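Asker: Pasting upload-v3.pdb below, which is PDB, C-alpha atoms.
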ATOM      1  CA  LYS A   1     -55.787  20.999  -8.821  1.00  0.00           C
ATOM      2  CA  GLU A   2     -52.126  20.927  -7.947  1.00  0.00           C
ATOM      3  CA  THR A   3     -51.557  21.767  -4.323  1.00  0.00           C
ATOM      4  CA  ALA A   4     -49.197  24.581  -3.215  1.00  0.00           C
ATOM      5  CA  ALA A   5     -46.874  21.986  -1.575  1.00  0.00           C
ATOM      6  CA  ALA A   6     -46.767  19.842  -4.762  1.00  0.00           C
ATOM      7  CA  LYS A   7     -46.150  22.961  -6.871  1.00  0.00           C
ATOM      8  CA  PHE A   8     -43.146  23.907  -4.582  1.00  0.00           C
ATOM      9  CA  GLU A   9     -41.713  20.379  -5.134  1.00  0.00           C
ATOM     10  CA  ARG A  10     -42.136  20.717  -8.946  1.00  0.00           C
ATOM     11  CA  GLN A  11     -40.759  24.209  -9.132  1.00  0.00           C
ATOM     12  CA  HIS A  12     -37.884  23.997  -6.583  1.00  0.00           C
ATOM     13  CA  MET A  13     -36.745  20.504  -5.683  1.00  0.00           C
ATOM     14  CA  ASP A  14     -34.131  18.445  -7.521  1.00  0.00           C
ATOM     15  CA  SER A  15     -33.045  15.658  -5.081  1.00  0.00           C
ATOM     16  CA  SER A  16     -31.776  13.592  -8.069  1.00  0.00           C
ATOM     17  CA  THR A  17     -28.674  15.659  -8.618  1.00  0.00           C
ATOM     18  CA  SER A  18     -26.123  17.063  -6.244  1.00  0.00           C
ATOM     19  CA  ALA A  19     -25.483  20.117  -8.202  1.00  0.00           C
ATOM     20  CA  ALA A  20     -26.034  21.567 -11.722  1.00  0.00           C
ATOM     21  CA  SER A  21     -23.593  19.672 -14.091  1.00  0.00           C
ATOM     22  CA  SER A  22     -23.438  22.031 -17.058  1.00  0.00           C
ATOM     23  CA  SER A  23     -24.449  25.415 -18.323  1.00  0.00           C
ATOM     24  CA  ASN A  24     -27.616  23.756 -19.895  1.00  0.00           C
ATOM     25  CA  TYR A  25     -29.116  22.654 -16.490  1.00  0.00           C
ATOM     26  CA  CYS A  26     -31.536  25.598 -16.148  1.00  0.00           C
ATOM     27  CA  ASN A  27     -32.693  25.447 -19.776  1.00  0.00           C
ATOM     28  CA  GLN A  28     -33.536  21.725 -19.467  1.00  0.00           C
ATOM     29  CA  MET A  29     -35.091  21.854 -15.957  1.00  0.00           C
ATOM     30  CA  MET A  30     -37.209  25.004 -16.439  1.00  0.00           C
ATOM     31  CA  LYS A  31     -38.667  23.343 -19.553  1.00  0.00           C
ATOM     32  CA  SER A  32     -39.114  19.805 -18.112  1.00  0.00           C
ATOM     33  CA  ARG A  33     -40.783  21.102 -14.930  1.00  0.00           C
ATOM     34  CA  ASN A  34     -43.242  23.027 -17.098  1.00  0.00           C
ATOM     35  CA  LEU A  35     -42.260  26.470 -15.733  1.00  0.00           C
ATOM     36  CA  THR A  36     -42.060  27.921 -19.232  1.00  0.00           C
ATOM     37  CA  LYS A  37     -45.572  26.749 -20.322  1.00  0.00           C
ATOM     38  CA  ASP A  38     -47.428  30.070 -20.504  1.00  0.00           C
ATOM     39  CA  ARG A  39     -44.401  32.409 -20.344  1.00  0.00           C
ATOM     40  CA  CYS A  40     -40.748  32.481 -19.483  1.00  0.00           C
ATOM     41  CA  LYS A  41     -40.511  32.717 -15.610  1.00  0.00           C
ATOM     42  CA  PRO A  42     -37.583  35.247 -15.115  1.00  0.00           C
ATOM     43  CA  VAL A  43     -35.914  33.607 -12.121  1.00  0.00           C
ATOM     44  CA  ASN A  44     -36.205  30.307 -10.295  1.00  0.00           C
ATOM     45  CA  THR A  45     -34.014  28.358  -7.805  1.00  0.00           C
ATOM     46  CA  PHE A  46     -33.685  24.571  -7.587  1.00  0.00           C
ATOM     47  CA  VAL A  47     -32.639  22.953  -4.337  1.00  0.00           C
ATOM     48  CA  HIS A  48     -30.383  19.805  -4.461  1.00  0.00           C
ATOM     49  CA  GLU A  49     -31.268  18.256  -1.100  1.00  0.00           C
ATOM     50  CA  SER A  50     -33.608  15.601   0.154  1.00  0.00           C
ATOM     51  CA  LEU A  51     -37.242  16.738   0.486  1.00  0.00           C
ATOM     52  CA  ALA A  52     -37.178  15.811   4.270  1.00  0.00           C
ATOM     53  CA  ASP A  53     -34.277  18.265   4.872  1.00  0.00           C
ATOM     54  CA  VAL A  54     -36.079  21.049   3.025  1.00  0.00           C
ATOM     55  CA  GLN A  55     -39.418  20.344   4.722  1.00  0.00           C
ATOM     56  CA  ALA A  56     -37.569  20.502   8.103  1.00  0.00           C
ATOM     57  CA  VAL A  57     -36.725  24.129   7.517  1.00  0.00           C
ATOM     58  CA  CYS A  58     -40.256  24.931   8.504  1.00  0.00           C
ATOM     59  CA  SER A  59     -39.219  24.285  12.083  1.00  0.00           C
ATOM     60  CA  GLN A  60     -35.953  26.125  11.907  1.00  0.00           C
ATOM     61  CA  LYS A  61     -35.312  29.984  12.194  1.00  0.00           C
ATOM     62  CA  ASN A  62     -38.515  31.969  11.843  1.00  0.00           C
ATOM     63  CA  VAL A  63     -37.837  35.166   9.903  1.00  0.00           C
ATOM     64  CA  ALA A  64     -39.817  37.785   8.107  1.00  0.00           C
ATOM     65  CA  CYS A  65     -40.445  37.113   4.403  1.00  0.00           C
ATOM     66  CA  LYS A  66     -39.166  39.744   2.007  1.00  0.00           C
ATOM     67  CA  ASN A  67     -42.807  40.965   1.583  1.00  0.00           C
ATOM     68  CA  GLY A  68     -43.238  41.377   5.417  1.00  0.00           C
ATOM     69  CA  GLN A  69     -45.171  38.160   6.117  1.00  0.00           C
ATOM     70  CA  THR A  70     -44.000  36.273   9.227  1.00  0.00           C
ATOM     71  CA  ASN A  71     -44.477  32.666   8.150  1.00  0.00           C
ATOM     72  CA  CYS A  72     -40.893  32.447   6.593  1.00  0.00           C
ATOM     73  CA  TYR A  73     -38.047  30.161   7.884  1.00  0.00           C
ATOM     74  CA  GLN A  74     -34.335  30.302   7.310  1.00  0.00           C
ATOM     75  CA  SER A  75     -32.338  27.130   7.138  1.00  0.00           C
ATOM     76  CA  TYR A  76     -29.731  26.698   9.808  1.00  0.00           C
ATOM     77  CA  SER A  77     -27.381  24.993   7.286  1.00  0.00           C
ATOM     78  CA  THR A  78     -26.291  26.055   3.824  1.00  0.00           C
ATOM     79  CA  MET A  79     -27.758  23.952   0.969  1.00  0.00           C
ATOM     80  CA  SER A  80     -26.758  23.209  -2.545  1.00  0.00           C
ATOM     81  CA  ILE A  81     -28.768  25.310  -4.908  1.00  0.00           C
ATOM     82  CA  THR A  82     -28.960  26.330  -8.480  1.00  0.00           C
ATOM     83  CA  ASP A  83     -30.072  29.803  -9.569  1.00  0.00           C
ATOM     84  CA  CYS A  84     -31.621  30.130 -12.992  1.00  0.00           C
ATOM     85  CA  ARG A  85     -31.946  33.673 -14.394  1.00  0.00           C
ATOM     86  CA  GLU A  86     -33.376  34.568 -17.811  1.00  0.00           C
ATOM     87  CA  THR A  87     -30.805  35.786 -20.369  1.00  0.00           C
ATOM     88  CA  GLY A  88     -30.844  38.591 -22.933  1.00  0.00           C
ATOM     89  CA  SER A  89     -31.583  36.059 -25.786  1.00  0.00           C
ATOM     90  CA  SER A  90     -34.520  34.496 -23.996  1.00  0.00           C
ATOM     91  CA  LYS A  91     -37.720  34.716 -26.170  1.00  0.00           C
ATOM     92  CA  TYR A  92     -40.907  32.796 -25.595  1.00  0.00           C
ATOM     93  CA  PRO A  93     -41.267  29.907 -26.251  1.00  0.00           C
ATOM     94  CA  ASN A  94     -37.579  29.368 -26.450  1.00  0.00           C
ATOM     95  CA  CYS A  95     -36.881  30.604 -22.868  1.00  0.00           C
ATOM     96  CA  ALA A  96     -33.066  30.798 -22.114  1.00  0.00           C
ATOM     97  CA  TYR A  97     -31.352  30.908 -18.706  1.00  0.00           C
ATOM     98  CA  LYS A  98     -28.036  31.291 -17.176  1.00  0.00           C
ATOM     99  CA  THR A  99     -27.164  28.516 -14.610  1.00  0.00           C
ATOM    100  CA  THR A 100     -25.415  29.496 -11.391  1.00  0.00           C
ATOM    101  CA  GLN A 101     -24.527  26.869  -8.706  1.00  0.00           C
ATOM    102  CA  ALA A 102     -24.057  28.065  -5.125  1.00  0.00           C
ATOM    103  CA  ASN A 103     -24.146  26.879  -1.434  1.00  0.00           C
ATOM    104  CA  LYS A 104     -26.408  29.150   0.671  1.00  0.00           C
ATOM    105  CA  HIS A 105     -28.999  29.221   3.377  1.00  0.00           C
ATOM    106  CA  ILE A 106     -32.534  29.151   1.967  1.00  0.00           C
ATOM    107  CA  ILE A 107     -35.612  31.028   3.097  1.00  0.00           C
ATOM    108  CA  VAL A 108     -39.093  29.547   2.571  1.00  0.00           C
ATOM    109  CA  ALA A 109     -42.606  30.308   3.504  1.00  0.00           C
ATOM    110  CA  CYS A 110     -44.575  27.487   5.136  1.00  0.00           C
ATOM    111  CA  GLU A 111     -48.236  26.655   5.520  1.00  0.00           C
ATOM    112  CA  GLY A 112     -50.702  23.964   6.466  1.00  0.00           C
ATOM    113  CA  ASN A 113     -50.759  20.838   8.386  1.00  0.00           C
ATOM    114  CA  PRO A 114     -48.380  19.193   8.043  1.00  0.00           C
ATOM    115  CA  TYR A 115     -46.633  22.503   7.921  1.00  0.00           C
ATOM    116  CA  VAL A 116     -44.526  22.457   4.781  1.00  0.00           C
ATOM    117  CA  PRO A 117     -42.773  24.903   2.381  1.00  0.00           C
ATOM    118  CA  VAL A 118     -45.059  26.421  -0.256  1.00  0.00           C
ATOM    119  CA  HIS A 119     -42.988  29.416  -1.546  1.00  0.00           C
ATOM    120  CA  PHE A 120     -39.225  29.943  -2.044  1.00  0.00           C
ATOM    121  CA  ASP A 121     -38.434  33.384  -0.606  1.00  0.00           C
ATOM    122  CA  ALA A 122     -34.705  33.900  -0.957  1.00  0.00           C
ATOM    123  CA  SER A 123     -31.244  32.426  -0.526  1.00  0.00           C
ATOM    124  CA  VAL A 124     -28.635  34.152   1.647  1.00  0.00           C
TER     125      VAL A 124
END
Represent the supplied structure as structure tokens.
Answerer:
Amino acid sequence: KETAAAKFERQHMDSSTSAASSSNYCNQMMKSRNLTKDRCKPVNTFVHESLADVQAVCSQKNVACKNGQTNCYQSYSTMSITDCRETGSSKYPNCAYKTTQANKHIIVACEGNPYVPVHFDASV
């Protein structure tokens, strides 16, 4: 079955674009990445960087995860990201999101060997 590292790439990476180009970006990407298959996921962030730069965060600033775990890392640099949050008209299966583009540091949780990101914690 899908690994946790492959699932983080499917849910959070979009190296093919530099930034969201229109208000429809979240609607199209949440659907195409299959995140609205069983239900509408309420929030999700896409990161518009190369996978090598996001995997490198695992060896950057170790910080506590919002749930208290200590295998989280904060990127030293800000990154281009897109926040997708479910709107008031969202109704399964036609899930609807608001697209917000921003430049922030990201926080991920890492595991394994190679040690790579497997959960997107927060952006700050």
Asker: In Å, with one decimal, what is the gap from CA of residue 13 in chain A to CA of residue 50 in chain A?
Answerer: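 Taking CA of residue 13 in chain A as the start and CA of residue 50 in chain A as the end point, the length is 8.2 Å.
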Asker: Using the chain letters and residue numbers of this document, give as a compact mmCIF listing (two decimals) with C-alpha atoms, in the frame of the given file the residues selected by the PyMOL selection byres ((chain A and resi 87-103) around 10).
Answerer:
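Dumped everything to part_20.txt:
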# COMPACT_ATOMS: atom_id res chain seq x y z
CA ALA A 19 -25.48 20.12 -8.20
CA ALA A 20 -26.03 21.57 -11.72
CA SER A 21 -23.59 19.67 -14.09
CA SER A 22 -23.44 22.03 -17.06
CA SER A 23 -24.45 25.42 -18.32
CA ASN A 24 -27.62 23.76 -19.90
CA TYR A 25 -29.12 22.65 -16.49
CA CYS A 26 -31.54 25.60 -16.15
CA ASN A 27 -32.69 25.45 -19.78
CA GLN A 28 -33.54 21.72 -19.47
CA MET A 30 -37.21 25.00 -16.44
CA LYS A 31 -38.67 23.34 -19.55
CA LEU A 35 -42.26 26.47 -15.73
CA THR A 36 -42.06 27.92 -19.23
CA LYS A 37 -45.57 26.75 -20.32
CA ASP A 38 -47.43 30.07 -20.50
CA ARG A 39 -44.40 32.41 -20.34
CA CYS A 40 -40.75 32.48 -19.48
CA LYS A 41 -40.51 32.72 -15.61
CA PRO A 42 -37.58 35.25 -15.12
CA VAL A 43 -35.91 33.61 -12.12
CA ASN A 44 -36.20 30.31 -10.30
CA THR A 45 -34.01 28.36 -7.80
CA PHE A 46 -33.68 24.57 -7.59
CA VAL A 47 -32.64 22.95 -4.34
CA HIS A 48 -30.38 19.80 -4.46
CA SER A 77 -27.38 24.99 7.29
CA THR A 78 -26.29 26.06 3.82
CA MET A 79 -27.76 23.95 0.97
CA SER A 80 -26.76 23.21 -2.54
CA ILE A 81 -28.77 25.31 -4.91
CA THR A 82 -28.96 26.33 -8.48
CA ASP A 83 -30.07 29.80 -9.57
CA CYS A 84 -31.62 30.13 -12.99
CA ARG A 85 -31.95 33.67 -14.39
CA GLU A 86 -33.38 34.57 -17.81
CA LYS A 104 -26.41 29.15 0.67
CA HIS A 105 -29.00 29.22 3.38
CA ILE A 106 -32.53 29.15 1.97
CA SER A 123 -31.24 32.43 -0.53
CA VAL A 124 -28.64 34.15 1.65
Asker: Contacts of residue 57 in chain A at 10 Å or less, counting all atoms listed in the file, minus same-chain residues fewer than 4 places along, as a PyMOL selection string?
Answerer: chain A and resi 52-53+61-62+72-77+106-110+116-117
Asker: Could you name the residues that touch residue 115 in chain A at 9 Å or less, counting only C-alpha atoms, but leaving out those on the same chain fewer than 5 positions away, as a PyMOL selection string?
Answerer: chain A and resi 55+58-59+110
Asker: Report, in Å to a single decimal, how far apart CA of residue 2 in chain A and CA of residue 66 in chain A are.
Answerer: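 Separating CA of residue 66 in chain A from CA of residue 2 in chain A is a distance of 24.9 Å.
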Asker: Do you have the CA of residue 5 in chain A-CA of residue 118 in chain A distance handy?
Answerer: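 Value for the CA of residue 5 in chain A-CA of residue 118 in chain A distance: 5.0 Å.
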